[PDB]
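**Student:** 3D model of this:
(chains A, B, C, D, E and F, ligands or ions: 17)
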Amino acid sequence: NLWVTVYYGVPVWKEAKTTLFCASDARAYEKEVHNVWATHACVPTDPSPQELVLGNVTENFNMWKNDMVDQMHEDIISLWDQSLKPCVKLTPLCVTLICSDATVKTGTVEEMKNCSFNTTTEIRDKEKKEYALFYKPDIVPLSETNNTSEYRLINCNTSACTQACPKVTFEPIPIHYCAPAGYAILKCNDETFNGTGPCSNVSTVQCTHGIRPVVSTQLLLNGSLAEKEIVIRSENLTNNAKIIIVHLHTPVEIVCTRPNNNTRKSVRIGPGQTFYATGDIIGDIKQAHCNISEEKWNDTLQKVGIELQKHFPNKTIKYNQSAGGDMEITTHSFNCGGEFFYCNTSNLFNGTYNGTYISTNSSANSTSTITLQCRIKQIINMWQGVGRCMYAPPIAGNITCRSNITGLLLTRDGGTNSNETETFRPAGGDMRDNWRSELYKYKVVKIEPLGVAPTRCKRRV
Amino acid sequence: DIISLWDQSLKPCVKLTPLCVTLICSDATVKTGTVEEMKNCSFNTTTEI
Amino acid sequence: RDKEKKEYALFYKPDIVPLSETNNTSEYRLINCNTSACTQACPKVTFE
Amino acid sequence: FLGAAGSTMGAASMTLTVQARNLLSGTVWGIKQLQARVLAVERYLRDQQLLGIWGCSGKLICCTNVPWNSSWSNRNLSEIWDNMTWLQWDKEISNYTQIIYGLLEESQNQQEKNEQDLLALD
Amino acid sequence: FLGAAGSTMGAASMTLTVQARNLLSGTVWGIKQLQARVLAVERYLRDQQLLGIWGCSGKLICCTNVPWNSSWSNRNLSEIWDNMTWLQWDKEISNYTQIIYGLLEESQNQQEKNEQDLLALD
Amino acid sequence: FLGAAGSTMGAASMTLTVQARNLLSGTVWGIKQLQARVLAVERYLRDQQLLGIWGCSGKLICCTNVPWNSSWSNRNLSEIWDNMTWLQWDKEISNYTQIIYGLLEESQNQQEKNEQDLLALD
Ligand SMILES: *[C@@H]1O[C@H](CO)[C@@H](O[C@@H]2O[C@H](CO)[C@@H](O[C@@H]3O[C@H](CO[C@H]4O[C@H](CO)[C@@H](O)[C@H](O)[C@@H]4O)[C@@H](O)[C@H](O[C@H]4O[C@H](CO)[C@@H](O)[C@H](O)[C@@H]4O)[C@@H]3O)[C@H](O)[C@H]2NC(C)=O)[C@H](O)[C@H]1NC(C)=O
Ligand SMILES: *[C@@H]1O[C@H](CO)[C@@H](O[C@@H]2O[C@H](CO)[C@@H](O[C@@H]3O[C@H](CO[C@H]4O[C@H](CO)[C@@H](O)[C@H](O)[C@@H]4O)[C@@H](O)[C@H](O[C@H]4O[C@H](CO)[C@@H](O)[C@H](O)[C@@H]4O)[C@@H]3O)[C@H](O)[C@H]2NC(C)=O)[C@H](O)[C@H]1NC(C)=O
Ligand SMILES: *[C@@H]1O[C@H](CO)[C@@H](O[C@@H]2O[C@H](CO)[C@@H](O[C@@H]3O[C@H](CO[C@H]4O[C@H](CO)[C@@H](O)[C@H](O)[C@@H]4O)[C@@H](O)[C@H](O[C@H]4O[C@H](CO)[C@@H](O)[C@H](O)[C@@H]4O)[C@@H]3O)[C@H](O)[C@H]2NC(C)=O)[C@H](O)[C@H]1NC(C)=O
Ligand SMILES: *[C@@H]1O[C@H](CO)[C@@H](O[C@@H]2O[C@H](CO)[C@@H](O[C@@H]3O[C@H](CO[C@H]4O[C@H](CO)[C@@H](O)[C@H](O)[C@@H]4O)[C@@H](O)[C@H](O)[C@@H]3O)[C@H](O)[C@H]2NC(C)=O)[C@H](O)[C@H]1NC(C)=O
Ligand SMILES: *[C@@H]1O[C@H](CO)[C@@H](O[C@@H]2O[C@H](CO)[C@@H](O[C@@H]3O[C@H](CO)[C@@H](O)[C@H](O)[C@H]3NC(C)=O)[C@H](O)[C@H]2NC(C)=O)[C@H](O)[C@H]1NC(C)=O
Ligand SMILES: *[C@@H]1O[C@H](CO)[C@@H](O[C@@H]2O[C@H](CO)[C@@H](O[C@@H]3O[C@H](CO)[C@@H](O)[C@H](O)[C@@H]3O)[C@H](O)[C@H]2NC(C)=O)[C@H](O)[C@H]1NC(C)=O
Ligand SMILES: *[C@@H]1O[C@H](CO)[C@@H](O[C@@H]2O[C@H](CO)[C@@H](O[C@@H]3O[C@H](CO)[C@@H](O)[C@H](O)[C@@H]3O)[C@H](O)[C@H]2NC(C)=O)[C@H](O)[C@H]1NC(C)=O
Ligand SMILES: *[C@@H]1O[C@H](CO)[C@@H](O[C@@H]2O[C@H](CO)[C@@H](O[C@@H]3O[C@H](CO)[C@@H](O)[C@H](O)[C@@H]3O)[C@H](O)[C@H]2NC(C)=O)[C@H](O)[C@H]1NC(C)=O
Ligand SMILES: *[C@@H]1O[C@H](CO)[C@@H](O[C@@H]2O[C@H](CO)[C@@H](O[C@@H]3O[C@H](CO)[C@@H](O)[C@H](O)[C@@H]3O)[C@H](O)[C@H]2NC(C)=O)[C@H](O)[C@H]1NC(C)=O
Ligand SMILES: *[C@@H]1O[C@H](CO)[C@@H](O[C@@H]2O[C@H](CO)[C@@H](O[C@@H]3O[C@H](CO)[C@@H](O)[C@H](O)[C@@H]3O)[C@H](O)[C@H]2NC(C)=O)[C@H](O)[C@H]1NC(C)=O
Ligand SMILES: *[C@@H]1O[C@H](CO)[C@@H](O[C@@H]2O[C@H](CO)[C@@H](O[C@@H]3O[C@H](CO)[C@@H](O)[C@H](O)[C@@H]3O)[C@H](O)[C@H]2NC(C)=O)[C@H](O)[C@H]1NC(C)=O
Ligand SMILES: *[C@@H]1O[C@H](CO)[C@@H](O[C@@H]2O[C@H](CO)[C@@H](O)[C@H](O)[C@H]2NC(C)=O)[C@H](O)[C@H]1NC(C)=O
Ligand SMILES: *[C@@H]1O[C@H](CO)[C@@H](O[C@@H]2O[C@H](CO)[C@@H](O)[C@H](O)[C@H]2NC(C)=O)[C@H](O)[C@H]1NC(C)=O
Ligand SMILES: *[C@@H]1O[C@H](CO)[C@@H](O[C@@H]2O[C@H](CO)[C@@H](O)[C@H](O)[C@H]2NC(C)=O)[C@H](O)[C@H]1NC(C)=O
Ligand SMILES: *[C@@H]1O[C@H](CO)[C@@H](O)[C@H](O)[C@H]1NC(C)=O
Ligand SMILES: *[C@@H]1O[C@H](CO)[C@@H](O)[C@H](O)[C@H]1NC(C)=O
Ligand SMILES: *[C@@H]1O[C@H](CO)[C@@H](O)[C@H](O)[C@H]1NC(C)=O
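**Tutor:** Residues are numbered from 1 along each chain as shown, chains lettered A, B, ... in the order given. Ligands and ions are numbered 1, 2, ... in the order given. You can find the structure just below:
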């Protein structure tokens, strides 16, 4: 009667975990073999990906329990460490610094400080007096001070910092994540994808698209855009300690600059190792800042309020400053060129939206620009101290960088007094939320090509 | 396996090269309690600076 | 780490260089000091 | 690849060979590349070893001389092969698997020893 | 190994198994030896997988039920199998390889489903 | 696994598939796990490659069309298959192995070329 039969190559799958690998987009790496993300070691994706939509397939999704984002976080940490490993270590520079003054008066921000010390030459006996201009957030007054002019570095009582090599470029080259053979990556195709829940349109692929590992807090930069509508993603939307990833549809352009003409000098420390620092500032001293259009940012906040009032019905939402904390927590972190900006964002997230469409200024046109000021550090302790601290070497000349804004990382500070006005503050710092906004579509599965079924057919014996 | 596991466990920890200095040592357990074995030693350590 | 001791050795003439800012004095350093720190070969290693 | 994931079982009777042709072809990144290269070989060889133990290796569709138990049977042939998809089948059949696999293995060895005894008695 | 590289096509039809028995068996140097050990397994399993997809795996010489197109045909059988060696053939026939291989794959799956329908109708 | 190590040769003729079932898939420790994972694949693929070269791969019990020489023959069939065990056989027959293996290889290729010439002459 009915005899059991086995089929090889059935199209079924199951949920599993595996070690995906990088694959670049065959960019010209004949001279740029010095990138920090080592993308020249990735497999060149010469052909187009196997983009096939399945049809009549439903799959359940949950990206907060994804393992791809944890793997990508560990890859970024290990790439950073193995790029920062063979460079110069700044252990002989942690000495007593005599810092008088560098800027002539208060100026814009007098964050320069003229610190001199006794560096060590190639000869272990002769020590030489040297000077350099350090930024104000890098130097601390020395312990047991009688308001004296003795300063040390921020990192000396915590961990020694290795500087970045000057040939290493921090440019975010796109990275494709590819599953091994025998696995697959299934992605959603709903244009109004919640983030969790099932999808009615699923396609298959072997390699994800070219996501840019862009490191920034608060505002997201250079990301992928949503298709037609602003998408608001969160784990619960009722727990106040869950970061809301807002995904815009139209990008907003930001222009960030450090305008003062800075120089670079090399201080020899030990045999064969140098140390690059700020030598002098040529010309006038101006303020490092960033510029956004005010009308476009108001329209973007108004549309985010439109999309957010339907999840908090019959309420007014009200944007505010970031919470209490240090500069590295509150300020919008940023990096272009190689200089690590930290921008203020207190006049940016400022206003409110109730149910009525308050401003119809999109019908008119204005050239008013919001300008937010940014400080600049050298010594960074990023990813909460799980990675090593780095001294970013200075860059001669002025720096400019155009960028887009595709996402926001908000948080809620509701309470009993928030019965009509709802507070939404900027927040960030958990760096895997940056890469949850790019790996929202994808899921990894393992194919199981053995199948068991009866055919009412017997083996010929 | 025991040797290599021991070496990789002691690999990332603190090295005591700066501790090897001249120690000025006087007896702390000066009493004749037939134990002794604890010598109070002072030295010039190096701070972060 | 405290007690330093005076010690001599006979070095070949291409290895030593007169020190910087010399008034034709008798101060010499190694050739490799301003280029890269140099590790000696182990004596049990054979170059055959 | 996986073009008939939502189709019927019989519609997978012509596209089951394209799921079998993509199963092998495809220093941090060096480590990940090496681990992926070993994983693909392992996942191919496990399925080939199970097919060889069942004895119907070298072909895609088999017949295994073992009756289908009524505890596993719930539908008719048209209902299974014309309405349900392979993923729903794999969801609803997945229990009682290792006893099926052992039954196929001992049936294959019984076939081998019976054929060898028949040829030795020739 | 490779002793009939300069001989004719027919003369390589008795020594094609000696070149199939050397295909598998044969910390800087540890890394190089590990990479060589993985590459040998990959290069053997790719050819075995293609032979399995064509359905004639387990034997050295096959016949594949697919006509030889006139766009590929240029010589006679005596000229091919008695005058030319395998190297000139591998130089000259190498185009249309993917469509030849796909034709063999679909022909093998058609044979499998036709045989299964014949045994099911029995 | 290995449950019939002390039984007769015929008594291992029904449980010889359980040894083939467990033959695959049964940073210091990461290195040891990686080396073990490569070693299992190599040791499985070597036996499968030899069985494919002899041409009787895909089955557990073979017949190889080659006469048993009197220089290897010392006992009767009942004495071999009812009194001696397989480990004693592996101890006592182990010489003249490569000659037997090459004879099986050339016999298989002769069978392939004879069958292909018979089908080409059809
Ligand atoms: C940040 O802090 C550093 C150090 O704390 C300052 O750097 C020093 O700045 C002074 C002031 O400009 C420099 O002194 C000048 O140096 C010129 C060239 O240097 C050579 O000559 C001097 C001897 O004069 C040597 O000591 C030195 O090693 C070099 O060999 C000289 O030409 C200048 O001399 C003129 O002025 C003096 C009076 O000051 C007169 O007596 C002379 O006759 C002549 O007219 C002057 O000496 C000094 O060289 C700088 N370096 C160091 C290591 O001390 C930075 O200026 C300060 N600010 C900024 C923005 O970086
Ligand atoms: C979001 O995405 C935008 C778009 O890419 C980023 O903006 C880029 O930022 C990078 C720096 O991070 C810029 O790269 C630098 O550009 C400088 C200017 O290049 C222009 O001018 C030269 C000379 O006229 C032209 O040849 C060139 O084609 C450009 O028109 C370069 O001077 C820099 O060169 C550096 O690298 C080379 C190669 O290694 C070295 O030889 C140099 O010495 C130097 O080290 C560098 O290439 C880039 O121009 C920006 N693009 C745009 C469109 O503005 C944002 O940074 C990004 N956001 C974040 C947060 O990363
Ligand atoms: C092993 O060896 C070590 C060092 O060799 C000993 O450690 C020292 O022990 C002495 C004796 O107890 C300590 O001296 C005492 O310190 C107390 C607190 O210390 C502060 O104040 C003193 C100034 O008095 C500073 O020098 C010091 O840095 C701290 O800021 C004081 O309260 C004590 O003062 C009292 O006694 C003196 C007389 O000795 C009177 O003049 C005072 O008025 C007051 O009554 C005293 O000075 C010393 O601090 C310890 N540390 C060091 C680094 O020297 C161990 O005791 C020894 N044994 C063991 C078992 O470990
Ligand atoms: C250091 O500061 C310099 C002074 O600002 C920077 O130069 C500026 O670079 C930007 C690039 O974003 C240029 O903006 C472009 O302008 C053109 C229009 O060009 C016309 O107008 C300019 C006005 O100065 C004129 O110089 C030209 O000849 C043209 O007539 C736009 O089409 C582009 O879209 C873009 O907006 C500035 O024009 C340019 N200013 C000057 C004075 O050259 C310089 O980039 C800074 N250094 C670094 C490394 O960034
Ligand atoms: C930030 O936002 C900008 C606009 O908001 C983006 O600028 C657009 O980028 C598109 C993609 O690179 C461009 O489309 C391409 O344009 C060229 C020139 O006409 C065509 O040849 C290409 O076919 C076309 N690409 C496609 C897929 O059709 C847009 O022209 C360009 N400008 C506008 C006004 O839309 C920035 O790319 C974006 N990112 C950054 C880093 O600035
Ligand atoms: C770097 O090295 C220089 C040496 O080239 C140091 O300068 C010396 O500093 C000491 C103090 O640490 C000075 O001693 C002082 O002498 C005066 C009298 O002149 C006395 O009143 C003080 O109480 C103190 O004893 C010394 O004069 C000075 N110069 C020399 C040539 O030795 C310098 O301190 C080191 N550090 C820095 C940060 O520059
Ligand atoms: C290593 O040294 C640095 C510098 O001394 C230490 O940073 C200091 O940490 C303390 C404790 O968090 C800070 O004090 C706090 O200041 C805030 C205002 O910013 C005030 O509101 C709090 O009540 C508290 O007093 C201190 O400001 C900070 N110093 C600087 C310059 O920021 C660091 O803690 C040391 N690390 C270790 C492990 O010893
Ligand atoms: C980002 O920018 C905003 C505005 O530019 C900064 O907020 C303002 O910071 C100043 C500090 O100079 C505050 O002035 C002082 O505040 C203290 C504490 O309330 C008060 O006791 C003093 O009398 C004086 O008013 C100012 O209140 C504050 N807010 C506004 C609306 O101006 C902010 O500090 C910047 N940085 C960060 C990390 O947010
Ligand atoms: C840009 O967006 C902001 C908010 O998204 C718009 O400003 C807001 O306008 C309303 C009414 O025009 C303000 O409400 C009232 O403000 C007064 C000011 O003291 C207050 O006393 C009243 O109780 C009431 O709340 C609201 O404060 C204001 N928000 C601000 C200024 O941050 C603005 O109209 C938009 N501009 C454009 C050009 O689109
Ligand atoms: C740790 O560092 C301290 C310095 O804070 C050292 O103390 C100093 O030691 C020297 C000898 O190495 C003392 O010099 C002596 O001076 C007397 C006259 O007072 C003379 O008779 C001796 O022949 C010798 O020259 C010095 O006084 C003393 N104190 C200071 C403030 O310099 C100490 O030796 C170092 N080592 C240890 C193990 O503590
Ligand atoms: C590290 O220090 C050494 C020793 O001071 C430097 O070697 C010196 O390099 C210069 C430039 O090549 C040599 O000058 C040349 O000498 C030749 C004669 O040999 C002459 O014909 C040229 O016109 C030129 O003047 C110099 O002789 C040489 N010193 C010795 C002792 O051979 C080396 O350049 C330094 N490296 C760095 C990176 O600073
Ligand atoms: C399901 O998703 C697929 C993949 O995104 C959609 O196919 C795309 O359709 C657009 C038409 O707007 C084409 O331009 C693209 O080329 C298609 N993608 C590919 C890979 O070919 C499909 O339309 C979606 N279907 C539904 C019902 O949502
Ligand atoms: C943004 O948040 C700050 C948090 O401090 C708000 O400031 C408080 O406002 C309430 C309103 O009555 C006062 O009672 C508190 O004393 C304020 N705290 C401080 C430290 O000043 C601020 O009002 C918020 N912004 C808006 C527009 O609501
Ligand atoms: C948020 O925006 C409002 C107006 O857009 C700011 O209120 C004005 O602030 C300036 C300078 O602080 C004052 O000169 C005006 O008188 C203020 N106008 C009103 C109506 O209050 C407000 O300061 C902004 N918030 C922050 C934190 O800067
Ligand atoms: C949509 O998203 C919100 C926030 O992520 C979540 O609370 C809600 O359950 C989601 N709804 C569905 C149908 O997935
Ligand atoms: C909330 O707002 C909507 C639209 O403005 C309105 O229809 C509804 O009645 C409001 N809810 C309550 C409880 O009034
Ligand atoms: C929303 O705020 C604007 C501010 O001008 C006001 O005109 C409008 O009446 C408000 N709407 C509601 C429903 O409170």
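**Student:** So which elements touch the helix or strand where residue D:107 lies?
**Tutor:** Assessed by DSSP states H and E, residue D:107 sits inside helix D:97-120. In this structure, helix D:97-120 makes packing contacts with strand A:4-8, helix D:28-54, helix F:17-21, judged by 3 or more CB pairs under 8 Å, 6 or more residues apart in numbering or on different chains; DSSP states H and E. All C-beta atoms are positioned from the backbone trio N, CA, C, and that covers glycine.
**Student:** Could you tell me which residues within the second one count as buried?
**Tutor:** Spelled out, it's helix D:28-54. D:28-29, D:32-45, D:47-54 (16 or more other CB atoms under 10 Å in any protein chain shown).
**Student:** Looking at the stretch 1-150 of chain A, which residue is nearest ligand 4?
**Tutor:** residue A:108 (16.4 Å; CB to the nearest ligand atom).
**Student:** for that residue, what are its contacts?
**Tutor:** Contact analysis of residue A:108 by CB atoms under 8 Å, 6 or more residues apart in numbering or on different chains lists A:285, A:286, A:287.
**Student:** do the same with residue A:431
**Tutor:** A:73, A:76, A:215, A:383.
**Student:** Please apply the same query to residue A:373.
**Tutor:** Applying CB under 8 Å, 6+ apart, the residues near residue A:373 are A:109, A:287, A:288, A:289, A:343, A:344.
**Student:** May I ask which two of those residues are separated the most?
**Tutor:** A:109 and A:343 (13.0 Å; CB to CB).
**Student:** Just want to know which of those two has more residues nearby.
**Tutor:** Per other CB atoms under 10 Å in any protein chain shown, whichever of residue A:109 and residue A:343 has more neighbours is residue A:343, with 22 against 17.
**Student:** Test my guess that residue A:235 contacts residue A:245.
**Tutor:** No: at 9.9 Å, residue A:235 and residue A:245 do not qualify as touching, with contact defined as CB atoms under 8 Å.
**Student:** Looking at strand pairing, list the partners for residue A:185.
**Tutor:** For residue A:185, the beta-bridge partners are residue A:205, residue A:444 (DSSP bridges).
**Student:** Residue A:447 is in contact with that one, correct?
**Tutor:** No: when contacts are counted by CB under 8 Å, residue A:185 is not listed as touching residue A:447 (11.6 Å).
**Student:** picking that back up, ok, of the contacts of residue A:108, which one's closest to ligand 3?
**Tutor:** residue A:285 (44.4 Å).
**Student:** Just give the number of residues close to that closest one.
**Tutor:** Considering only other CB under 10 Å, residue A:285 is surrounded by 18 other residues.
**Student:** Pull the number of nearby residues for residue D:64.
**Tutor:** When neighbours are counted by other CB under 10 Å, residue D:64 comes out with 21.
**Student:** Can you read off the backbone torsions of it?
**Tutor:** Per-residue torsions, residue D:64: phi -120, psi 10 (degrees, to the nearest 10).
**Student:** go on, residue A:278?
**Tutor:** phi -80, psi 120.
**Student:** and it, what is it in contact with?
**Tutor:** Contacts of residue A:278 by CB under 8 Å, 6+ apart are A:112, A:132, A:133, A:134, A:262, A:263, A:264, A:265, A:394.
**Student:** Run through the bridge partners of it.
**Tutor:** Beta-bridge partners, per DSSP bridges, of residue A:278: residue A:133.
**Student:** and the gap between it and ligand 8?
**Tutor:** 24 Å (CB to the nearest ligand atom, to the nearest Å).
**Student:** cool, and residue A:35?
**Tutor:** From residue A:35 over to ligand 8 (counting by CB to the nearest ligand atom), the distance is 32 Å.
**Student:** How about residue A:316?
**Tutor:** In terms of CB to the nearest ligand atom, residue A:316 sits 21 Å off from ligand 8.
**Student:** Next: residue A:195.
**Tutor:** 30 Å.
**Student:** Pretty sure that residue sits against residue A:233.
**Tutor:** Yes: with contacts counted by CB under 8 Å, residue A:195 reaches residue A:233, the gap being 3.9 Å.
**Student:** Give the intersection of the neighbour lists for the two.
**Tutor:** By the contact definition CB under 8 Å, 6+ apart, residue A:195 and residue A:233 are jointly contacted by A:245, A:440.
**Student:** Would it be right to say that residue A:296 lies in a helix?
**Tutor:** Yes: assessed with DSSP: H, G, I helix; E, B strand; the rest coil, residue A:296 lies in a helix.
**Student:** What sits closest to it if chain neighbours are left out?
**Tutor:** In this structure, residue A:296 finds its nearest non-sequential neighbour in residue A:252, 5.4 Å apart by CB to CB, 6 or more residues apart in numbering or on different chains.
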